[PDB]
Every structure is written in structure tokens, then in C-alpha cells.
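Peer 1:
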Amino acid sequence: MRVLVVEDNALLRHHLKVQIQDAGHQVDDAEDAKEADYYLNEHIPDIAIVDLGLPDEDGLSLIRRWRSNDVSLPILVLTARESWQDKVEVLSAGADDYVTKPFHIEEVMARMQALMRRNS
Amino acid sequence: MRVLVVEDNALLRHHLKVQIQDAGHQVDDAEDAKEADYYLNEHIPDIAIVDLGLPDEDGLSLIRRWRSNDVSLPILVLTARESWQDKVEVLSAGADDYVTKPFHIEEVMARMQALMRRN
Numbered sequence: 001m002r003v004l005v006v007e008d009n010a011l012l013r014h015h016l017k018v019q020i021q022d023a024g025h026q027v028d029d030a031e032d033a034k035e036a037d038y039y040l041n042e043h044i045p046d047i048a049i050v051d052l053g054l055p056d057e058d059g060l061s062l063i064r065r066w067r068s069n070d071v072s073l074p075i076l077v078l079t080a081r082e083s084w085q086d087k088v089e090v091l092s093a094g095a096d097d098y099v100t101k102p103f104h105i106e107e108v109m110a111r112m113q114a115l116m117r118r119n120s
Numbered sequence: 001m002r003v004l005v006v007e008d009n010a011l012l013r014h015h016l017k018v019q020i021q022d023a024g025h026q027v028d029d030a031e032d033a034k035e036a037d038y039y040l041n042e043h044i045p046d047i048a049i050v051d052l053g054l055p056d057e058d059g060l061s062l063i064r065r066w067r068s069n070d071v072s073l074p075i076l077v078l079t080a081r082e083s084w085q086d087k088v089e090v091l092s093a094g095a096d097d098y099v100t101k102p103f104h105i106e107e108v109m110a111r112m113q114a115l116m117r118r119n
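Residue numbers (UniProt numbering), protein chains in the order written: chain A, 1 to 120; chain B, 1 to 119.
(1) Closer than 7 Å to a non-hydrogen atom of the ligand SAM - does that hold for the CB of residue 105 of chain B?
(2) Does the beta-carbon of residue 29 of chain B have 16 or more other beta-carbons within 10 angstroms, so that it is buried, or is it exposed?
(3) Residues in the same chain with beta-carbon distance under 7 Å from residue 101 of chain A, minus the five sequence neighbours each way, listed in chain order, please.
(4) Do residue 2 of chain B and residue 45 of chain B have their beta-carbon atoms positioned less than 8 Å apart in this structure?
(5) Check whether the region 100–120 of chain A touches the region 84–100 of chain B, taking contact to mean three or more Cβ pairs, one atom from each stretch, closer than 8 Å.
(6) What's the C-alpha gap between residue 17 of chain A and residue 5 of chain A?
(7) Tell me, please, whether the CB atom of residue 91 of chain A is closer than 8 Å to any CB atom in chain B?
(8) To the nearest angstrom, report how far apart residue 90 of chain B and residue 60 of chain B are at their CA atoms.
(9) Can residue 37 of chain B and residue 8 of chain B be called in contact, C-beta distance under 8 Å?
(10) On a Cα-Cα basis, can you pick out the residue from A:66, A:82, A:24 that is closest to residue 75 of chain A?
(11) Under three-state DSSP, which class holds residue 78 of chain A?
(12) I'd like to know if residue 88 of chain B contacts chain A, where contact means its C-beta is closer than 8 Å to some C-beta of that chain.
(13) What are the boundary residues of the alpha helix (DSSP H) that includes residue 63 of chain A?
(14) Does the distance from the CB of residue 88 of chain A to the CB of residue 82 of chain B come in under 8 Å?
(15) Which partner residues of residue 47 of chain A appear in the DSSP bridge assignment?
(16) Taking residue 110 of chain A as part of the alpha helix (DSSP H), name the residues at either end of that continuous run.
(17) Decide if residue 86 of chain B is buried, meaning its Cβ has at least 16 other Cβ atoms within 10 Å, or exposed.
(18) Looking only at its own chain, which residues have a Cβ that is under 7 Å from the Cβ of residue 23 of chain B, when we skip the five neighbours before and after it?
(19) Figure out for me which residue from B:47, B:11, B:99, B:35 has the closest Cα to the Cα of residue 84 of chain A.
(20) Under 6 Å Cβ to Cβ from residue 53 of chain B, same chain only, skipping five residues before and after it: list those, please.
(21) Beta-carbon within less than 7 Å of residue 34 of chain B's beta-carbon, same chain only, minus the 5 sequence neighbours each way: which residues are those?
(22) Using three-state DSSP, classify residue 88 of chain A as helix, strand or coil.
(23) Take residue 41 of chain B as the anchor and find which of B:11, B:118, B:69 has the nearest alpha-carbon.
(24) If you draw a straight line from the C-alpha of residue 62 of chain B to the C-alpha of residue 12 of chain B, how long is it?
(25) Closer than 8 Å by beta-carbon distance: list the chain A residues that pair up with residue 2 of chain B, in chain order.
(26) Rounded to whole angstroms, what is the Cα-Cα separation between residue 105 of chain B and residue 71 of chain B?
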């Protein structure tokens, strides 16, 4: 499967990509929202991991905009924000799931896997 | 649409049932694993909400047994467990998501909707 990772922190972004690659997937890694639009349009990914703290455009704005254009793939959010209202808001904007920071990387892998399993 | 709630605590079960009804779905509410199997055999729900603290058969076993019998509907687990390793195990069992107890009902409604939306 093809995974799009959108993550502003270079080190995290690279870690994500190599772990997901090592599990047998192809990964596009974008560092901001507009770059995310770049990968989205070039190859439709099967799944996207989106950090909300993008320097470009907030991740919620990004999810909203994709959904409102009938982009329907599963999206797993990475987020600093962790109140229960934040989580309702994120889900309500079109995300399928979220992981709160700080996180272990095996937690994102496990969430991504569960969406992949459902999706396919 | 149709929701199966599996919850050993009568009050939480009753409360869950009416919130979900208030959002406009029909709800089967089961007390333990065997009663869950009863409803599942009656109607395939669009989703099952499964608390793990069942007296019958612990939630995870239930979910593993369902997955192995090709029951593939979305499952949102309710759990008390804390460890980030414990959370990961439940998804490994076949669950799609989980909410920790205590929770706000709005969180559970939002997770159920996210799953019905996608499926």
C-alpha cells in the first residue's frame, strides 16, 4: 500500500517513513500542507498520516478541505491537542483517528495498521 | 443505522443506549458475551461497542473469536486499561478503536460516527 506522511519535524517524518517502508509500504513524505497536496495529486495514497501542526495551513483546515473535495481515504492525525473536545473536533473534521503526542512510534504503526486492515 | 452495545454495567449500558438512540440509530444492548452472540445472530449491526470487562468472556477473547469466525464489522472497544502497550494489544485482537473509561459520551459518539462514516 501507499502511505502519505505529513509531518513538519524532519526527524519524526524520516523515522515514520523508514518504519512504514520496512513494513513493506511505499511512503510519500511531505513537510507541509501544500506539499501534501502535491503528493495527494501525484499518486492517490491509500492512507495518510497528518500532523496538525503544519507551518502552511493547520491540519484541520487541510482535512476539511480534502473532505469537502471528496478525498475519502483514511486519515490518522498526529496532534499536540488532547482535550476531549479537540478529539471530537478532529474526528468531526473528517479524520478517522488520532494519536496524541508524545507518542511511541509503535503506537502510530498500530493505529495505521488497524485502518489499513479495515480499509482493505 | 444499527448499533450493538456490549456492556456489563446496567446503568452505563442503559445510558449508552439512549445517547445512541438520541442520535437516531437503533440499538441492541447486550449484558455479556453470550447475549452479544444472541443479537449478532439476530441482526448484523453496522458497529459493535464492546466493553472488555465482561463476566462471560473477556472482551478481547470475544473480539478474537468473532474475527476468526469472519465477523468483520467495525468494533469500538471501551476499556479501563492504561498502558500504551495495552491499548495496542486491543487493536491487535481485531478492534478498530477504543475509548478509555471514564470518558465523555461525546467522545464515544464521535468515534462511532467516524467508523460508520467510513464504513
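By construction, the Cβ of each residue, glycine as well, lies at the ideal position given by its N, Cα and C atoms.
Peer 2: So, from the data block:
(1) What this structure holds is no ligand at all, so the ligand SAM is not there to describe.
(2) buried
(3) 78, 79, 80
(4) Yes, they are a contact pair.
(5) Cβ pair count under 8 Å is three or more, so yes.
(6) Rounded to the nearest angstrom, the two C-alpha atoms are 7 Å apart.
(7) For residue 91 of chain A, the answer is yes, since a Cβ of chain B falls inside 8 Å of its Cβ.
(8) 7 Å
(9) no
(10) A:66
(11) strand
(12) yes
(13) 59–68
(14) In this structure, residue 88 of chain A sits away from residue 82 of chain B, with a CB-CB distance that is not shorter than 8 Å.
(15) A:3
(16) 105–119
(17) Exposed, because fewer than 16 other Cβ atoms sit within 10 Å of the Cβ of residue 86 of chain B.
(18) 109
(19) B:99
(20) 8
(21) 56
(22) helix
(23) B:69
(24) When the Cα atoms are used, residue 62 of chain B and residue 12 of chain B turn out to be separated by approximately 20 Å.
(25) The contacting residues do not exist; residue 2 of chain B stays about 18 Å from chain A at best.
(26) 26 Å
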